[PDB]
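Protein chains: 2
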Amino acid sequence: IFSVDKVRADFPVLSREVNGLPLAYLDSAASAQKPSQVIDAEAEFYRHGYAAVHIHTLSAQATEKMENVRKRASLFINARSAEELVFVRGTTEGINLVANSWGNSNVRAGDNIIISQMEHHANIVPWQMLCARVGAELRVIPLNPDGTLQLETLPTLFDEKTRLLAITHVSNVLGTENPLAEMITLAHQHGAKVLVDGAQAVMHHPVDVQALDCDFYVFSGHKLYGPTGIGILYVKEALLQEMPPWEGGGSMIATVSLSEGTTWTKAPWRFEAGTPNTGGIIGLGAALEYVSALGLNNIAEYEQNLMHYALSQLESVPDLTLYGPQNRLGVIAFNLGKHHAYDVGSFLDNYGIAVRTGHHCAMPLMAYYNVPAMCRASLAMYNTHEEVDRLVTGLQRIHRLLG
Amino acid sequence: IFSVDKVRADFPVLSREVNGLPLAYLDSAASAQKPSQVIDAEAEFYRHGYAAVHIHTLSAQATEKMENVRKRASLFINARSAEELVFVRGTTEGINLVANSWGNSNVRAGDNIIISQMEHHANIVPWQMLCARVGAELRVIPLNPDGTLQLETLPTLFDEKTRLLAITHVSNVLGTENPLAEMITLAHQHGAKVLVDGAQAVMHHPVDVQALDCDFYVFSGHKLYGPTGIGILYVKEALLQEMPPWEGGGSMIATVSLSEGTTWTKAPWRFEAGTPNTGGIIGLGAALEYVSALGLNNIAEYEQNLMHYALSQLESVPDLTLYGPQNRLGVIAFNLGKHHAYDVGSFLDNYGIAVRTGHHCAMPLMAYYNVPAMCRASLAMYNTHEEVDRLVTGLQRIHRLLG
Ligand SMILES: [Cl-]
Ligand SMILES: [Cl-]
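Here the protein sequences come in this chain order: A and A'. A prime marks a further copy of an entry chain. Residues 2 to 55, 58 to 406 (the deposited numbering) are what the first sequence spells out, left to right. Residues 2 to 55, 58 to 406 (the deposited numbering) are what the second sequence spells out, left to right.
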């Protein structure tokens with residue numbers, strides 16, 4: 002079983018006070034707090050084992068630590084091979100890498116690409132720049148009122164010119180989990196590849212990219228209780244070894260000549276130019292170990308119970324509008340009466356409750372719902388029923404005071 | 002005055018043992034060790050102040068810490084304005100950013116770009132990919148035997164079609180410091196812009212980009228006694244606010260619409276997509292503080308004396324070939340007799356002496372000297388006369404044993 006009190010003991014930030022009051026951090030979807038095991042694994046590497054990667060001993064051990072983290076990450080998402088994983092800055096850079104290296108040589112004038120109306124900007128803007136570069140069309144799967152995809156529109160959007168579906172696994176605003184396996188079957192029937200944005204999935208339940216059969220999969224370390232500046236791009240081996248490089252420089256070359264040109268090295272490493280973020284890679288590996296030791300199924304069970312408790316308690320908040328489906332994961336998007344989200348979040352911060360307010364990097368989603376902004380509370384593995392009670396009580400107080 | 006013993010006390014890695022013997026780390030040019038003040042500033046941020054950047060309190064304080072580091076970095080290199088600095092992964096990503104955002108809209112078919120024969124691959128490969136994309140020509144300033152540029156060839160290389168000179172401040176192999184101010188005057192007389200690769204300069208002496216009048220300047224945090232995964236790209240305000248975005252996604256947009264297109268936000272931030280590497284940014288700011296507190300002029304004086312001692316002592320090594328000028332900064336590139344550098348570096352590692360062997364991401368430089376590889380010892384602010392003595396003695400032993 003899961004013990005939230007033992008877990009919280011690993012997270013030093015949770016002891017913090019904000020505005021004189023004890024912090025209730027309900028913004029893990031924007032970025033997750035990190036346990037001491039992750040923080041110290043990075044610090045200890047800098048303290049005792051630091052060197053540049055790729058003869059001498061510290062450098063050879065550091066190179067081996069980084070390839071071990073690549074292997075551990077590939078097992079964490081059940082990729083066939085460690086060499087199907089590229090180290091990137093985060094989800095955003097991973098998507099841009101695919102959009103340029105794979106997009107520029109596989110999406111031509113007159114083609115189309117399909118995204119959804121709930122996509123994070125990370126999974127919109129690189130496809131808009133790709134379509135502008137090659138003269139292709141960006142198609143959009145629209146939303147239902149309850150925050151799910153209008154799956155009936157897929158036949159009018161998929162045709163023989165559809166090169167790619169780029170789709171979120173779990174919405175960072177609505178908490179909707181999309182039916183990826185079926186959508187990927189449909190997409191593959193047309194010869195379309197599928198990129199999955201998994202930035203909000205990998206911390207809530209197990210993820211298996213062989214079962215999903217996605218062609219690309221991306222996520223960020225810092226939302227997986229890990230350090231900033233590191234993330235993972237998974238690509239099917241057969242596609243990856245055909246993709247050209249994106250960033251150029253050291254470590255991604257085989258030979259460099261000023262008169263005979265330059266040749267590239269083999270995949271993953273062809274896509275990793277310059278000094279890797281070894282500090283972040285070390286912290287990411289520790290983050291995967293820590294999460295695996297708790298067990299993603301145990302995390303999923305505790306988070307689902309906490310979510311059901313929260314949705315039940317929030318029924319006692321007058322004039323509360325929720326957005327998204329009842330079976331959401333991770334986040335609760337809401338607005339309080341007619342009050343602007345900025346004001347609501349500001350009162351909640353004043354009680355020491357951290358929630359995010361604004362467009363959540365999902366402006367088309369906001370426009371679909373005809374609001375400028377939303378509040379969002381995240382309910383992660385280290386959050387408690389008591390913090391939910393503080394959120395409920397605070398919204399009630401804000402309603403009485405401002406109503 | 003400088004006290005190397007007090008400085009070394011800040012660096013926990015220096016206590017390490019390698020192969021049972023005390024470490025002599027002479028590979029700071031590949032990556033620098035970090036002081037506790039840098040390591041702990043990052044750890045403490047994760048422990049007590051962590052949040053996503055850009058209403059609630061932790062997030063507002065984190066956003067302010069990152070913009071303070073941007074300001075501190077701009078003062079460190081004497082840029083006019085903090086908004087002339089873009090946070091990048093490192094030198095390599097900074098150069099690729101310029102090559103794509105600025106290069107693609109300013110270098111056309113039939114134009115030419117000038118680099119030097121001593122450039123790191125980071126400052127070659129992105130210009131080769133740019134020239135291949137737009138149909139331009141890559142011109143090369145050749146070397147003199149002593150490791151300096153053949154400055155006489157500049158009139159045959161600069162013409163009216165020269166769009167850009169990309170040039171290293173200090174060679175990572177030879178330790179040559181190039182006459183940047185004069186070369187930038189010449190380049191500007193033709194309407195050419197100048198990118199300076201400063202990755203080997205910013206830790207050895209003060210750097211002033213207003214005095215240099217360079218148009219772009221790049222360096223890496225991890226060689227500046229800082230964390231991995233962070234670096235700085237400086238661009239003159241007038242050029243930067245004309246440059247289009249490179250990576251797309253959150254935080255670099257002003258508005259995102261699926262029907263009316265997307266607009267971009269103002270410079271620096273237009274070039275920073277997705278979650279910044281706040282952990283690395285915090286560590287970088289601490290690294291700049293630590294180096295400023297020692298004083299770059301004090302570092303330069305101690306490192307120059309250590310270098311003169313090393314070059315004098317190495318005269319007692321039979322069959323030692325040195326590469327580069329006598330007034331080198333930071334590094335000593337050498338080969339021992341006819342022995343391959345890999346073997347020499349392997350014996351030195353066995354004595355607990357870390358040097359780098361290989362092409363040092365400078366294959367054209369190696370070919371100029373008609374060798375496949377070189378050894379390189381770095382002499383940084385925390386290295387000692389005693390470690391030089393260990394290097395000298397070790398090379399002597401290797402010569403006797405293998406000669
Ligand atoms: Cl290389
Ligand atoms: Cl945004």
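Ideal placement from N, C-alpha and C gives every residue a C-beta, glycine not left out.
- One finds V14, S32, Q34, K35 in chain A' with Cβ atoms closer than 8 angstroms to the Cβ of A:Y51, taken in chain order.
- Annotation: Cβ neighbours of A':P129 in chain A (cutoff 9 angstroms, chain order): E250, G251, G252, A276.
- Per the C-alpha coordinates, the member of A:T231, A:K239, A:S174 positioned closest to A:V197 is A:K239.
- At a beta-carbon threshold of 7 angstroms, none of the residues of chain A' lie near A:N181; the nearest stands roughly 17 angstroms away.
- Excluding the 5 residues flanking it on each side, A:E390 has same chain C-beta neighbours closer than 7 angstroms at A25, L27, in chain order.
- Counting only residues of its own chain and dropping the five nearest sequence neighbours on each side, A:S349 has no CB closer than 6 angstroms to any other CB.
- Per DSSP, reduced to three states, the secondary structure at A':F219 is strand.
- Here A':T165 is bridged, per DSSP, to A':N115.
- Close to A:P148, with beta-carbon spacing below 7 angstroms, lies no residue of chain A'; the smallest spacing is near 18 angstroms.
- Check the Cα spacing between A':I127 and each of A:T266, A:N308, A:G286: the tightest is with A:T266.
- In chain order, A52, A53, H59, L61, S62 make up the part of chain A' whose C-beta sits under 9 angstroms from the C-beta of A:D28.
- Inside the stretch 308 to 363 of chain A, DSSP marks whole alpha helix (DSSP H) runs of 4 or more residues at positions 344 to 353, from first to last along the chain.
- Interface flag for A:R17 against chain A' is set, since a Cβ pair is found closer than 9 angstroms.
- Relative to A:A202, the option among A:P209, A:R17, A:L351, A:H172 whose CA is nearest is A:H172.
- When the Cα atoms are used, A:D392 and A:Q316 turn out to be separated by approximately 8 angstroms.
- For the stretch 359 to 377 of chain A, the residues whose beta carbon sits under 8 angstroms from a beta carbon of chain A' are, in order, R359, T360, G361, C364, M366, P367, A370.
- Below 8 angstroms, too few C-beta pairs join the stretch 237 to 257 of chain A and the stretch 295 to 307 of chain A to call them touching: fewer than three.
- Under a criterion of Cβ atoms nearer than 7 angstroms, the residues of chain A adjacent to A':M132 are, in order, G251.
- According to the DSSP secondary-structure assignment, A:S381 is paired through a beta bridge with A:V334.
- Between the C-alpha atoms of A':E87 and A:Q192 there is a straight-line separation of about 48 angstroms.
- Taking a beta-carbon distance threshold of 9 angstroms, A:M255 counts as an interface residue toward chain A'.
- Counting only Cβ-Cβ distances below 7 angstroms, A:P230 has contacts in chain A' at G282, in chain order.
- Note that the C-beta distance between A:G406 and A':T231 is not below 9 angstroms.
- The three-state reading of DSSP puts A:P23 in strand, counting E and B together.
- With contacts defined as CB atoms closer than 9 angstroms, A':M186 and A':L168 qualify as a contacting pair.
- Residue pairing by DSSP places A':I144 opposite A':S119 in a beta bridge.
- Annotated three-state conformation of A':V199 is strand, per DSSP.
- Partner residues in the beta bridge of A:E18, as assigned by DSSP, are A:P23.
- For A:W249, there is no enclosing alpha helix (DSSP H), as DSSP marks it with neither H nor E.
- A':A296 counts as exposed, since fewer than 16 other beta carbons sit within 10 angstroms of its beta carbon.
- Annotation: Cβ neighbours of A':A44 in chain A (cutoff 7 angstroms, chain order): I40, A44.
- Note on A:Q131: 16 or more other CB atoms within 10 angstroms of its CB, so buried under the neighbour-count rule.
- By the CB criterion at 9 angstroms, A':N99 and A':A214 fall outside the cutoff.
- The beta carbon of A':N71 sits closer than 8 angstroms to the beta carbons of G288 from its chain, once the five residues preceding and following it are set aside; these are given in chain order.
- Distance from the CA of A':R73 to the CA of A':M206, rounded to the nearest whole angstrom, comes to 18 angstroms.
- Look at A':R48: its C-beta is under 9 angstroms from a C-beta on chain A.
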